[PDB]
Amino acid sequence: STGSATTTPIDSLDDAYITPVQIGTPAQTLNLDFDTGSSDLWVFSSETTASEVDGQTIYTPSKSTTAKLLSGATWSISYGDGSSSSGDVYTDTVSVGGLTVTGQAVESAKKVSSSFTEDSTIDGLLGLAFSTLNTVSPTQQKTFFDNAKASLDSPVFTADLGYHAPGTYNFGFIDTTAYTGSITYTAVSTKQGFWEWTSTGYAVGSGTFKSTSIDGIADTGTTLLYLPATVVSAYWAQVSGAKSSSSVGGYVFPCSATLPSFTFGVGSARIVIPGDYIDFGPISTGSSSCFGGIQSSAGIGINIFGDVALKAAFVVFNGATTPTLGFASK
Ligand SMILES: Fc1ccc(-c2cn3ccnc3nn2)cc1F
Ligand SMILES: Fc1ccc(-c2cn3ccnc3nn2)cc1F
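Per the conventions used, each chain is numbered from 1 along its written sequence, independently of whether this matches the entry, and residues without coordinates are not displayed. Chains and ligands are labelled sequentially in the order written, the chains with letters from A and the ligands with numbers from 1. As a rule here, side-chain values come from all non-hydrogen atoms in the structure, and water together with hydrogens is ignored. Residues with missing side-chain atoms are left out of burial classes, side-chain pairs and their counts.

Note that an α-helix has 3.6 residues per turn; residues three or four places apart therefore point the same way. Burial classes follow relative accessibility: with a 1.4 Å probe on protein chains only, a residue under 20% of its type's maximum area counts as buried, one over 50% as exposed, and anything between as partly exposed. A run of H or I in DSSP counts as a helix once it spans at least four residues, and a run of E counts as a strand once it spans at least two, with each numbered from the N terminus. Listed in full, the buried residues belonging to helix α3 (residues 229-236) are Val231, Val232, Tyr235 and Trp236. Projected onto a plane normal to the axis of α3, the buried residues spread over an arc of 125° and lie on a single side. Taken from the helix axis, the directions to the C-beta atoms give the arc we talk about.

The structure is reproduced here in structure tokens:
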């Protein structure tokens, strides 16, 4: 089997991406944030604290004939950006782009943090990291991908995020028309439950490539590119007037700037992030100071190849017995 779903930026700056997901019988379609950095499928629901729902589409398990309460199961997750949610668990039929899993744990939110409430466009998350991170207690649950894997034509999914445009998540097959050149595969460590790999270095603009190991995770659920402070300082040094702002919370640059590209290494291959990909617009409405899409990972504790990096590539999440990552230009 296979699945293919379009993923769509939630706004004009690609601050996140949503992908429609069918849950229950009859189908309840919710727009979920596909997150290779977490491992919980959770949704706004009829159980969510009413004051914490503001525009989101909710899952109502009582209206699904295939929904079943997973007795005694609860979940609670906190994300790196400070956001959180918690609730109870159902199993139900979940379909993504034609690919169907029965008995998928659908984690129903009873509580969500303000950032989720204030995001009317995101109805929940669909985690695509390794199931070892799943927070359901007392019985850990499998991700959508884990459940689907055996049935897929190939135990893979691919992320093809668009720049200011829709893209695609595929399950079970590699669309050889969706990238240029070849896919370069690189080793993955699952020891922290992430799609963790080691980049072979970087370049700023037309600069020389710096060969250096950068361990990090491929995370569709993180918007920006977070890299070591050395690397990040070298990037923003090439932008006149760019500086790190403690008050804003990262590197900002004059909105009048033309940003240089940023290249990262995958083995001997190179993915080039165009400068435009690195502009996340005014820090506040009307400001001439813009927020940078490359930021320091110092204080996060891990380097994160988020959407800014991933959207420059066709990315293969190979869930074979020994997982790997593949990157191609496109
Ligand atoms: F510079 C940034 C711009 C947008 C986001 C951002 C992250 N999100 C996660 C779900 N919805 C989100 N919306 N926005 C983060 C940045 F650090
Ligand atoms: F602004 C931030 C953006 C991302 C993370 C963050 C940490 N993570 C650990 C594994 N997955 C993660 N995803 N995200 C933290 C931030 F403070």
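Next comes the rest of the account.
Moving on to the nonpolar core. In this text, buried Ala, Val, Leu, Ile, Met, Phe, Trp, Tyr and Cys residues form a nonpolar core when linked through side-chain atoms within 4.5 Å. Membership of the largest hydrophobic core comes to 73 residues, with the highest contact counts inside it found for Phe171, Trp236, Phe262, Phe264, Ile273 and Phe327. When residues in this core are grouped by element, the largest group, four residues, is from α3. The domain limits used here are those given by an automatic or database domain assignment. The two domains that each donate at least three residues to this core are domain 1 (5-174) and domain 2 (175-330). We call two residues in contact when some of their heavy atoms are within 4.5 Å. Discounting residues that sit within four places of it in the chain, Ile273 has contacts with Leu225, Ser261, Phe262, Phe264, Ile278, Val308, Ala309 and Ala312.

UniProt positions are given in the numbering used here, feature names are shortened, and annotations may be inferred rather than shown by experiment. On the UniProt side, "active site" is annotated at positions that read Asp35 and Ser199 here. As for the lining of the largest pocket, the annotated residues named previously contribute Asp35. Considering the arrangement of structural elements, one finds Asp35 in strand β3 (residues 28-35). On the basis of relative accessibility, which here comes to 4%, the residue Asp35 falls in the buried class. Each residue touching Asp35, except ones within four places of it in the same chain, is listed here: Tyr79, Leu125, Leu126, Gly127, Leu128, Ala129, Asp219, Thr220 and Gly221. Its location among the elements puts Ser199 in strand β12 (residues 196-204). Given a relative accessible area of 1%, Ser199 falls into the buried group. When sequence neighbours within four positions are dropped, the list of residues in contact with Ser199 reads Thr212, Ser213, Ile214, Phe264, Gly265 and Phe305. Cavities and pockets are defined on a 1 Å grid built over the protein atoms alone: a cavity is a set of grid points where a 1.4 Å probe fits but cannot escape, while a pocket is an open set with protein on both sides within 12 Å along at least five of seven lines, and lining residues are those with an atom within 4 Å of any such point.

Here the focus is the layout of surface pockets. Grid points are joined across faces, edges and corners, and a volume is the space filled by probe spheres set on the points. One number sums up the size of the largest pocket: a volume of about 1,000 Å³. Breaking the lining of the largest pocket down by element, the ones donating at least two residues are β3, β5 (68-78) and α1 (114-117). Charged residues are taken to be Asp, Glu, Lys and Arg, nonpolar residues to be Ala, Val, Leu, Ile, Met, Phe, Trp, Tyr, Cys and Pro, and polar residues to be all remaining types, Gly included. The residue inventory of the lining of the largest pocket, partitioned by class, reads 17 nonpolar, 12 polar and eight charged. If you count residues domain by domain, the lining of the largest pocket takes at least three from each of domain 1 (5-174) and domain 2 (175-330).

Moving on, we come to the packing of aromatic side chains. Only rings of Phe, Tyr and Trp enter the pairing, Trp through its six-membered ring, and a pair is recorded when the two centres are within 6.5 Å. The plane angle decides the type: under 30 degrees is stacked, over 60 is edge-to-face, the rest tilted. One pass over the full model with this rule turns up 26 aromatic pairs. Both rings, one in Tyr79 and one in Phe116, keep their centres 5.9 Å apart while their planes meet at 70°; by these two values the pair is edge-to-face. Here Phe116 lies in helix α1 and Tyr79 lies in the loop between β5 and β6 (84-96), a separation of 37 residues in the sequence. Owing to a relative accessible area of 15%, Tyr79 belongs among the buried residues under this scheme. Residue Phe116 is classed as buried on the basis of its relative accessible area, which comes to 9%. Centroid distance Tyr163 to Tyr277: 4.3 Å. Interplanar angle 10°. Geometry classified as stacked. One end of the pair, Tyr163, is in the loop between β9 (156-160) and β10 (167-171); the other, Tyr277, is in the loop between β18 (269-273) and β19 (279-282), and 114 residues separate them in sequence. Residue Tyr163 is classed as partly exposed on the basis of its relative accessible area, which comes to 26%. A network of ring pairs unites the aromatic residues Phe34, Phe130, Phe144, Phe145, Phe157, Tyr169, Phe171, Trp195 and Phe317 as a single cluster. For a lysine, the NZ atom is tested; for an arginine, the CZ atom; a charge sits over a ring if that atom is within 6 Å of the ring centre and within 35 degrees of the ring normal. The positively charged end of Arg270 is found above the aromatic ring belonging to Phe209, 3.7 Å away from the centroid.

Moving on: the site of ligand 2. Working definition: residue near molecule or strand if any one of its non-hydrogen atoms lies within 4 Å of it. In the region of ligand 2, the neighbouring residues are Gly37, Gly80, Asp81, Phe194, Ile217, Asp219, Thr222, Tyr226, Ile300 and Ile304. Contacts to ligand 2 include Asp219, whose side-chain N or O atom sits 3.3 Å from a nitrogen atom. Polar contacts, as counted here, are pairs of nitrogen or oxygen atoms within 3.5 Å of one another; within protein the pair requires one atom able to donate a hydrogen and one able to accept it, and residues that are adjacent in sequence qualify only if both atoms are side-chain atoms. Here a nitrogen atom of ligand 2 sits 3.2 Å away from a polar atom, N or O, in the side chain of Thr222. To measure how exposed things are, a 1.4 Å probe is used in the Shrake-Rupley method; for residues, cover is taken only from the protein chains shown. Surface burial for ligand 2 is 72%, taken as the share of its 390 Å² of free accessible area covered by protein chains. Pocket occupancy is defined atom-wise: a molecule lies in a cavity or pocket when more than half of its atoms are within 2 Å of its grid points. Structurally, ligand 2 is housed in the largest pocket. Both domain 1 (5-174) and domain 2 (175-330) contribute no fewer than three residues apiece to the shell around ligand 2.

Taken domain by domain, the protein chain consists of domain 1 (5-174) and domain 2 (175-330). For domain 1 and domain 2, the distance between their C-alpha centres works out to 25 Å. Opposite the 28 residues of domain 1 that make contact, domain 2 presents 34 residues. Simply put, the buried area is the total loss of 1.4 Å probe accessible area from both parts when two parts are fitted together. Buried surface at the junction of domain 1 and domain 2, both sides included, amounts to about 2,400 Å², of which 58% is carbon and sulfur. Any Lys or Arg side-chain nitrogen located within 4 Å of an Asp or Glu carboxyl oxygen qualifies as a salt bridge. Counting the contacts that link domain 1 with domain 2 gives two salt bridges. In this structure, the salt-bridge partner of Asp160 is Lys330, at a minimum N-O distance of 2.8 Å. Seen at the junction of domain 1 and domain 2, the total is 17 residue pairs in polar contact. Put simply, the parts of the chain that give the side of domain 1 that touches domain 2 at least two residues each are β3, β9 and β10.

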